[PDB]
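Trainee: okay, here's the opening piece of the assembly, coordinates as they are in the complex:
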Amino acid sequence: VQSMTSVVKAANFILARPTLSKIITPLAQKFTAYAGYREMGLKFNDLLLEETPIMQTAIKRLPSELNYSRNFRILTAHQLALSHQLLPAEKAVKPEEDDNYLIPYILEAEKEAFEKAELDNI
Amino acid sequence: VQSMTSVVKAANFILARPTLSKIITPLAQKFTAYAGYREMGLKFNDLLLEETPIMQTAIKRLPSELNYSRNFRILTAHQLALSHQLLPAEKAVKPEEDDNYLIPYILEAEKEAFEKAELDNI
Amino acid sequence: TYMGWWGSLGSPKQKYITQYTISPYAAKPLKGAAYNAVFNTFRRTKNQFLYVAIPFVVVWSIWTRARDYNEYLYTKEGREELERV
Amino acid sequence: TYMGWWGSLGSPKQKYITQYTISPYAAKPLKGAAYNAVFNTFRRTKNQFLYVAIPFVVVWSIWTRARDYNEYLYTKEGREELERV
Amino acid sequence: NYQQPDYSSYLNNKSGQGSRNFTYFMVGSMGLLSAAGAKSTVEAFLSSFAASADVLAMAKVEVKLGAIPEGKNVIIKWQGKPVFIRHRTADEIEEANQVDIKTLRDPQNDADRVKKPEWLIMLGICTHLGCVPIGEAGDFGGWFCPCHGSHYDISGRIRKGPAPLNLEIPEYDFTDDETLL
Amino acid sequence: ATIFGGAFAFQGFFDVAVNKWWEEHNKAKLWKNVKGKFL
């Protein structure tokens, strides 16, 4: 698995340089729209692989409102997959609501883990 | 398994009659002496089959001092059987100390169970 | 582990979500089986077609080229090229 | 159940009991194995002998009488008694 | 509490106890169809245990009959078990002439135990713990079961021993110098 | 139970239905119907 630290490292490596930014970012939005997760009510961070101690810590340190909203969105996605139907365009998650809410907590978890690893090998 | 209530019923049926008492009771003492459990520190009521709800309740309702004494006697018996040795005659449980300490609680548990069964079929 | 039993499945603290449902014996079974199995199945196939068609088109084009070349090789006109290989 | 794992094996509240022991490396192995395996083994056999001897004596007496009678039947002097049976 | 979602369209039109009755009907129909299919499959598989066509063809095999010394007991191999074909002389027939309504676990006579005295057919397998009897050790003059010492009469009747019945007579028919099973 | 007995009902029903439809669809081909011509 790739760490959010490394994913964000690469993403900021690309975003800083105008040529790669202009080429990719339109392709990034196009890929995220064709991904089809937004049509099921899921934000991107709902898709993240929860089954890891870092990620488990990240969810365990979410605020109350974000935690409950995530629970409801995951349940809605499960129900939609269960009934083989999608949210109408008006009810789907819009690009501006895919706000990367969980990334900061995962980054903090990885920062803690990386400092612990570095200091254990001081 | 024979309910302790039935065992006491039979025992008093025998004891009440002087002829049967005079015949059995000497054989009763001789049988409990030859049984060999007393030389291992066990009183009679230590041998009782613990793995029954009635018996388990009876143990659960023992006084603290009797409970700890029973625990130590059982532990001593286990150690003796483990090391293949017996207590010296002076340390073995004398006939007077084989005092039937647990029977009252067992009989109370049996009485409660029998009352519950009788009323459930009223 | 990441999945306990029913009492504690590892789901985060869930709250404010109300789940309504109706019993069977009181719902129309196969409510929209006929219409859905056509329209929704077509919709799903439309969404997922390209992912199966582009790889299939590529692989089957390669296979067709190889098969046609092999058939051509073993003919009275493919004898020379077969010898050269 | 009637036996849990190590934390709670189902034993009653146990208290006031102290257990002492010494390391195996600090203890003499097979101390009185020579003397024990003779004297204590003889003691155990003495205690348990009658329970194995009386049943064995009864069964082997029955077997011996049966075997001897069978041997007697299949002989020139047992011919008549065999015929009667 | 609050306003429930409207299920009007999802609600069934059928009676309260009727729809569950129909559900029972189809669930039981599924169960019993599955039981019938399982019965068919299990019967088909177990039918393999039964005698294969080869074994059935091999059985009911005629035996090469013909002239043989009177009183001599021939042996055959019909259906695995030995067949003790004996051409008992007229002396054996005369001995069997003595009727026996008692002292015989199954009173019978050559009237049914053999079609003709010149050709006697009888399976050699004993009754209790089926074994091949000795053809001349019988206490009654016929076959003897060495395993238990049982004695088989010249007519095949069980005279003594642990015999549960009499010497079974195969279903072999007779013909002109041939055995027709 | 009644499962054992009921299975017979369905097994026999399907078995007889098929063993009555088959010898009607194929009556012109089976042995028992053709043997007359060669006898």
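Mentor: Good, I have the coordinates. Residues are numbered from 1 along each chain as shown, chains lettered A, B, ... in the order given.
Trainee: Show me the helices in chain F, by range?
Mentor: Taking DSSP state H as the test, the helices found in chain F are F:2-25, F:31-38.
Trainee: Can I get the shortest one in CSV, CA atoms only?
Mentor: Once non-C-alpha atoms are left out, helix F:31-38 reads as follows in CSV (Å, rounded to 0.1, in the frame of the first residue of the first chain):
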residue,chain,number,x,y,z
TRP,F,31,-36.8,-50.3,-30.0
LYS,F,32,-40.2,-51.5,-28.6
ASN,F,33,-41.9,-49.7,-31.5
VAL,F,34,-39.5,-50.7,-34.3
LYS,F,35,-39.0,-54.4,-33.4
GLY,F,36,-42.1,-55.3,-35.3
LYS,F,37,-40.6,-54.5,-38.7
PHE,F,38,-37.6,-56.8,-38.2
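Trainee: can you list contacts of that helix?
Mentor: Under the contact criterion Cβ atoms under 8 Å, 6 or more residues apart in numbering or on different chains, helix F:31-38 has outside partners F:27, F:28. The way it works is simple: take the backbone N, C-alpha and C, and place the C-beta from them, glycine included.
Trainee: Would you format the helices of chain F as JSON lines with mean neighbour count included?
Mentor: Below are the helices of chain F laid out as JSON lines (neighbours: other Cβ atoms under 10 Å in any protein chain shown):
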{"stretch": "helix F:2-25", "mean neighbour count": "12"}
{"stretch": "helix F:31-38", "mean neighbour count": "8"}
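Trainee: which stretch among those helices comes nearest residue C:46?
Mentor: helix F:2-25 (40.9 Å; Cβ to Cβ).
Trainee: one more, chain G:
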Amino acid sequence: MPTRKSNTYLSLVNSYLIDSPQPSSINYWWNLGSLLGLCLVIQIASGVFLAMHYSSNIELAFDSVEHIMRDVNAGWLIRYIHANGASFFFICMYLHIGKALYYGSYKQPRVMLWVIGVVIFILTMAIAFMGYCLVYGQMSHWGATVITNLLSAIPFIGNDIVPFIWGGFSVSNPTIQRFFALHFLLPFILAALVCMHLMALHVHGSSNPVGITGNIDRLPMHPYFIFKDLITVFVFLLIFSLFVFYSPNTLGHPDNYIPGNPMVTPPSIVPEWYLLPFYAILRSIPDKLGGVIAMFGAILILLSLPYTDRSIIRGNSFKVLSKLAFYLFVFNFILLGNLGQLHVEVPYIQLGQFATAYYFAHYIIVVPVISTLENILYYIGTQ
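Mentor: Take a look at chain G, now in place beside the chains above:
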């Protein structure tokens, strides 16, 4: 947690082998269980190496066994292992039943375990018998024939079940082939039953020679009862080697080395020794149906035992009369086994009838009567 607990498979191995809380007072008899498992491996292991050379066809079975004996490199060793190891499997299983009968291992908390035990026993007997039928010696063939003929005594289905058992009209090629298939298989069903036995043991743990609860003083299994199991295993293998390498045919019957001939019965029909007792019971009852019913009861009555044993105290170790009764029963069982191999003769028919009578009387009279009498004697003695 340690790797031996976090991992699922290592967690199971830990629960059953490393940390299983055994009582500290268990004798060497409790090692027999392990031996049986080891034997179950041997029977399988060596067994799998005989199917690699055994040809199940009737006209090749005995010759194939002889090919194993004389031609395969270690074939003689594998065959002797597989045979004497079945004999030792049954020795250890009889000891494991005798222990469970002496100590009240069959009583309230462990009845299910006991039940599985009985089933295992039943199943094993079949397996063993079926395996014997594979050698197709004289004794092999005629034992198969006698078993099938007796099973033909079922009231109505008997006449129809036996041809299914034979696959023909007598013990022949289909019978031996199907016996080989079922004999290769049923050992794995027995492994499954053994796993069920182990789960039913683990739910409540094992008993004690003293009978009282062991929860007060239990010990782990890895330091203790693993190196006790090693002692028992090496004693087992030492005696097993005394048999396999020296006098390997002592337990077997010589007639089994005569290729099976349906037309000539051997002088006497006897199973392998471990089935003799039941065989004796079978011949004690005259009626064939009665004989089979009594034979199967001779095993199934172990199921009745946990309920007929009315003793408040588990086990025999502290009971005088019950110990005499148990040893009398054991010696009568050995007497039945001995009568199994003896001919039906004047004294022995009556002796076998009496032996079977007392064998069943043990379970249905002596155990209940003696247990109740001893309960009363205990209570009167202490007062």
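Trainee: what's the helix or strand for residue G:179?
Mentor: helix G:173-204 (DSSP states H and E).
Trainee: Tell me how many other residues crowd residue G:11.
Mentor: 17 (other Cβ atoms under 10 Å in any protein chain shown).
Trainee: Okay, it and chain E: tell me how far apart.
Mentor: In this view, residue G:11 and chain E are 37 Å apart by Cβ to the nearest Cβ, to the nearest Å.
Trainee: quick one: which helix or strand includes that residue?
Mentor: Using DSSP H and E, the element containing residue G:11 is helix G:8-13.
Trainee: hmm, who's touching that helix?
Mentor: Helix G:8-13 is contacted by residues G:3, G:4, G:5 when judged by Cβ under 8 Å, 6+ apart.
Trainee: Taking chain C, what residue is nearest to chain F?
Mentor: residue C:29 (23.1 Å; Cβ to the nearest Cβ).
Trainee: Quick check: closest non-adjacent residue to that residue.
Mentor: Nearest non-adjacent residue to residue C:29, counting by Cβ to Cβ, 6 or more residues apart in numbering or on different chains: residue E:12, 7.9 Å away.
Trainee: Pull the distance from the helix or strand containing residue A:34 to the chain's centre.
Mentor: Element membership for residue A:34, per DSSP H and E: helix A:18-35. When distances are taken as Cα atoms, centre = their mean, to the nearest Å, helix A:18-35 is centred 16 Å away from the chain's centroid.
Trainee: One more: stretch A:25-44?
Mentor: 11 Å.
Trainee: And chain C, is it touching that?
Mentor: Yes - contact of stretch A:25-44 with chain C (Cβ under 8 Å from any Cβ of the partner chain) involves residue A:36.
Trainee: can you add chain H next? sequence is:
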Amino acid sequence: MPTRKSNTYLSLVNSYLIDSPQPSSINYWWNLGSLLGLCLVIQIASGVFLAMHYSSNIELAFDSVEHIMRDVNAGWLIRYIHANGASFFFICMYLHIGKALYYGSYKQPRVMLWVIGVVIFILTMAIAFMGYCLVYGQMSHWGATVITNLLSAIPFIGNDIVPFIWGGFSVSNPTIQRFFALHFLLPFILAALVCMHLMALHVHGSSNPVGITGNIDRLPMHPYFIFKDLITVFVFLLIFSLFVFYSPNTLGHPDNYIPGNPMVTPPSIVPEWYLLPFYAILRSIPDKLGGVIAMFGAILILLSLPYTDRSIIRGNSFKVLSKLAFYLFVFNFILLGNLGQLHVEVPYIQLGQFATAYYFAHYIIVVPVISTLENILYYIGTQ
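Mentor: One more chain to add, chain H, which I have set with the ones above:
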């Protein structure tokens, strides 16, 4: 507590069948496992009924199979089952691997499970191949011969291991007998491996088509996904009947009905269809040692897959590029299977080399590269 939880045996059956908290969003693909288990039963069931009639001798193997087909009552049914059911066993296993590859069922919490999966796969192939060798047709014999000749390429032990496999100097009676024994056996080892598979599944549960955690909405299994299992099972049995009863030899090869003759090699040697892909890989590499290593890598690289998959999101259902890569891989695998049966000819040698190259490149390049690219694309798009 309910009897389905108090009793340990019923407790296990409940934990796995009646109350297993399956996620509510699983497709019909998750039913394949049950089918595989069902097939494992069928393979065993019919299998146990074929060994009751199959004679493993080389001079009797093919005649014994024909005796099953022609003489045994339902023998034709049992053989056609045991064969087409193996073909369907591998159809369902390939579908179960395809599902686990599409959805990230091999990712972190279930890596252990995945490993047993692979082992099962490997083991199964052996079993199937070995069983096929039992028919001892032309293709059976020559497949055994080719396999052993290829295994003869091990650097030093190769010259010595092959006689241990052959049990002689060429595929002969000992080879067929040992194949029969190990083929009867290894299915039970596979049953044990399937039990381990189910344990590793139960520890962490099953995944979802959406990939996200199912803990938020999990359903029991008795009223849900047992009746879905019945749909999948009955569809499986309906297609299995369309094959077994109608055109049962479609999946097999006609040359397998010609009794094995070492002195005449058939025009072409192909495994049974489900092993064709790997066979193709074996021929794509010229070196014999290279070929066998490359093939076993083609099977084992599934183990590397969970670590080369650098995807933060489980599964392909929400990934554009990875879905294209997966379907391209699946179609290349079918292309390899197709090339397996085709003669080594001018275009096909190069096409097979390229197909093998891309097959391995999938795992070691495309999955990591595509997963990393899609992680970056996801993060950039949301921002």
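Trainee: try the contacts of helix G:8-13 again now we have chain H.
Mentor: G:3, G:4, G:5, H:112, H:196, H:199, H:200, H:203.
Trainee: what's the distance between the closest residue to chain D within chain A and chain F?
Mentor: Nearest residue of chain A to chain D (Cβ to the nearest Cβ) works out as residue A:53 at 25.4 Å. From residue A:53 across to chain F, the span is 51 Å (Cβ to the nearest Cβ).
Trainee: again with residue E:11
Mentor: As for residue E:11, its distance to chain F is 33 Å (criterion: Cβ to the nearest Cβ).
Trainee: pretty sure that residue is touching residue C:23, no?
Mentor: No - contact criterion Cβ atoms under 8 Å: residue E:11 and residue C:23 do not qualify, at 10.2 Å.
Trainee: These two: which is more packed in?
Mentor: Neighbours per residue (other Cβ under 10 Å) separate residue E:11 from residue C:23, with residue E:11 holding more: 12 against 9.
Trainee: Nearest residue to the more buried one in space, please, no chain neighbours.
Mentor: Leaving out its chain neighbours, the residue that sits closest to residue E:11 by Cβ to Cβ, 6+ apart is residue C:26, at 6.2 Å.
Trainee: Tell me which residues touch that neighbour, please.
Mentor: E:11, E:12, E:16, E:19.
Trainee: Remind me which helix or strand the last one belongs to.
Mentor: Just to be clear, that refers to residue E:19. helix E:16-49.
Trainee: Okay, buried residues for that helix please.
Mentor: E:19, E:32, E:33, E:34, E:35, E:36, E:37, E:39, E:45, E:48, E:49 (16 or more other Cβ atoms under 10 Å in any protein chain shown).
Trainee: so after that helix, what's the next helix or strand?
Mentor: Taking DSSP H and E, what comes next after helix E:16-49 is helix E:53-58.
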